[PDB]
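Here is the structure we will look at.
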Amino acid sequence: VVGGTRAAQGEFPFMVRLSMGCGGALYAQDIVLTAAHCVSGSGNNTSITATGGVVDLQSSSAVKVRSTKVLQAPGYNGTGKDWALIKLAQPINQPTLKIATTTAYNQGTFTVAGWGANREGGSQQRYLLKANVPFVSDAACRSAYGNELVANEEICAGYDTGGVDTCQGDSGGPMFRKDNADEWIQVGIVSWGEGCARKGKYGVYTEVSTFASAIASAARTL
Ligand SMILES: [Ca+2]
C-alpha cells in the first residue's frame, strides 16, 4: 500500500497474509477469499500458508495455518473472474469479513490494506498498512485502461492525480467499506494496476458483487 498509514493491531482482524506474496480475507475462519491470480488452480493443495491474527508479521502471536485445497473461480483463465478460495486446515480465530451481495456499496470511499510495497518497485512490508481510495467509475477506468478493463467484473479505485494505491504484494487482499449497519463489507479484491499510485492509473479490483453468489456457492462445497 502506497500513501497509507500503519493499521493498528486488531483493526482489520479478517486480514491474512498468504505465503506467495498476496493478501486475503477470512471469508470464514477456515476459508480465505483471495485473487485467482495468486494461485495455480483448483485442487487439494498444502503448499500455501496463511498468517492471521497480527499486523506485525514477526509477532509471536502470529497464527500460521496450512491450506488443504484451493478453489480458483470456475472459468478463470486470466481475464476477469479474479477470485479464489483457500480452505485452511485449521481456522484462524478472528472475525470474518462479510462480502457485498448487491451493488449498493460499489461507491464512496473504500479502505484497502496489505503488506505489499509502499512505493512502486519497493520491498514487501513487515507491518500491515491501510489507505483510503475513492471509487472510480468504469468509464474513468476505461479511459485509463481501454479494452483491458472487464467492466462488469472489475471495480476501480484511486486518485486521478495519483499518490495512494495498492501495490505489488497487496494482490488478493480485500477492498471494503462500511455498510448501513456499521459493519465492514467487502466490495473488491486487489487485482491489478499499472505501476502503483501513478497519475491516471487507478487500482483495479475484482467486483465482488458480481461474484458473490458464485463465491458462496464455491465456499459451501469447498
Ligand atoms: Ca465495474
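Compute the relative contact order of segment 7-55 as a whole-number percentage, counting only Cα pairs closer than 8 Å that sit 6 or more residues apart in sequence. Don't skip to the end; give the middle numbers.
Numbers: 59 pairs, mean separation 23.6, N = 49.
Averaging sequence separation for qualifying contacts and normalising by length gives 48 percent for segment 7-55.
May I ask you to list the residues of segment 102-125 whose amide nitrogen lies under 20 Å from a point 7 Å from Cα along the Cα→beta-carbon direction of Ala139?
Only 103-109 pass the distance filter.
Based only on other Cβ atoms within 10 Å, what is the fewest-to-most ordering of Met175, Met20? Mind dumping the intermediate values first?
Working: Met175 27, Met20 14.
Sorted ascending by nearby Cβ count, the order is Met20, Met175.
Please list the radius of gyration and Dmax for segment 19-107, considering alpha-carbon atoms only, with Å as the unit.
Cα only, segment 19-107: 13.6, 39 Å (Rg, Dmax).
Would you mind ranking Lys69, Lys81 so that the residue whose beta carbon has the fewest other beta carbons within 10 Å leads the list?
On the way: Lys69 17, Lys81 21.
Going from least to most buried by this count: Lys69, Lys81.
Quick one: go through segment 153-184 and flag any residue whose amide nitrogen is under 13 Å from the point 7 Å out along the Cα-to-Cβ line of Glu120.
Only 161-168 fall inside the zone, counting backbone N under 13 Å.
Relative contact order for the chain: what is it in percent, counting Cα pairs under 8 Å that are at least 6 residues apart? Don't skip to the end; give the middle numbers.
Working: 629 pairs, mean separation 55.3, N = 222.
The value is 25 percent.
Would you mind checking the pairs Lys81/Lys199; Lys87/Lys178; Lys69/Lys98; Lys64/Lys201; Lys130/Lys201 and listing those with alpha carbons more than 29 angstrom apart? Each step should come with its number before you reach the end.
Working: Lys81/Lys199 26 Å; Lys87/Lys178 26 Å; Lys69/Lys98 21 Å; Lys64/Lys201 35 Å; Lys130/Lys201 19 Å.
Pairs exceeding 29 Å: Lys64/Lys201.
For segment 1-107, give the magnitude of the charge dipole about the Cα centre (Cβ charges: +1 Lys/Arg, -1 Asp/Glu; no others), in debye to the nearest 20. Don't jump to the answer; show the numbers that get you there.
Numbers: 8 positive and 4 negative charges, 34 e Å.
So the magnitude is around 160 debye.
Could you run the Karplus curve 6.51 cos²θ - 1.76 cosθ + 1.60 with θ = phi - 60° over segment 14-31 and give me ³J(HN,Hα) per residue in whole Hz, x for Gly and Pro?
Per-residue couplings from phi come out as 7, 6, 9, 9, 9, 4, 8, x, 10, x, x, 10, 7, 6, 9, 4, 10, 9 Hz.
Whose amide H sits under 5 Å from the amide H of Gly188, counting only residues 5 or more places off or on another chain, with H placed in the peptide plane?
Distant-sequence amide H within range of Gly188: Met175, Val208.
Using a 7 Å offset from Cα along Cα-Cβ at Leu57, what residues in segment 109-139 end up with backbone N under 19 Å from the label point?
Counting backbone N atoms under 19 Å from the label point, the list is 112-131.
Each residue of segment 120-127 in order: what ³J(HN,Hα) in whole Hz does its phi give by Karplus 6.51 cos²θ - 1.76 cosθ + 1.60, θ = phi - 60°, with x for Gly and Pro?
Karplus-based 3J(HN,Hα) across segment 120-127 equals 4, x, x, 7, 6, 10, 7, 10 Hz.
Would you calculate the separation in nanometres between label points at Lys199 and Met20, each defined as 7 Å from the Cα along the Cα-to-beta-carbon direction?
3.6
Could you run the Karplus curve 6.51 cos²θ - 1.76 cosθ + 1.60 with θ = phi - 60° over segment 36-47 and give me ³J(HN,Hα) per residue in whole Hz, x for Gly and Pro?
Coupling constants for segment 36-47: 4, 6, 7, 10, 7, x, 7, x, 5, 9, 10, 9 Hz.
222 nm [θ] for the chain, helices only, -39500 (n - 2.57) per DSSP H run of 4+, per residue, to 500? Show your work: numbers first, answer last.
Details: 2 runs with 22 residues, N = 222.
About -3000 deg cm²/dmol.
With +1 assigned to the C-beta of every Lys and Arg and -1 to the C-beta of every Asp and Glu, and no other charges, what is the dipole magnitude of the chain about the Cα centre in debye, to the nearest 20?
Details: 18 positive and 17 negative charges, 105 e Å.
With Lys and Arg at +1 and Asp and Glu at -1, about 500 debye.
Report the net charge of residues surrounding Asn45, where surrounding means a beta-carbon distance below 15 angstrom and charges are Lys +1, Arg +1, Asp -1, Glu -1. Walk me through the numbers before you get to the answer.
Working: positive: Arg66, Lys69, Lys87; negative: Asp30.
Net charge in that neighbourhood comes out at +2.
Values quoted throughout were computed directly from the atomic coordinates according to the rules given, and no laboratory measurement underlies them. Ideal geometry is used to build each Cβ from the backbone, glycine not excepted, and the neighbour counts take in all protein chains shown.
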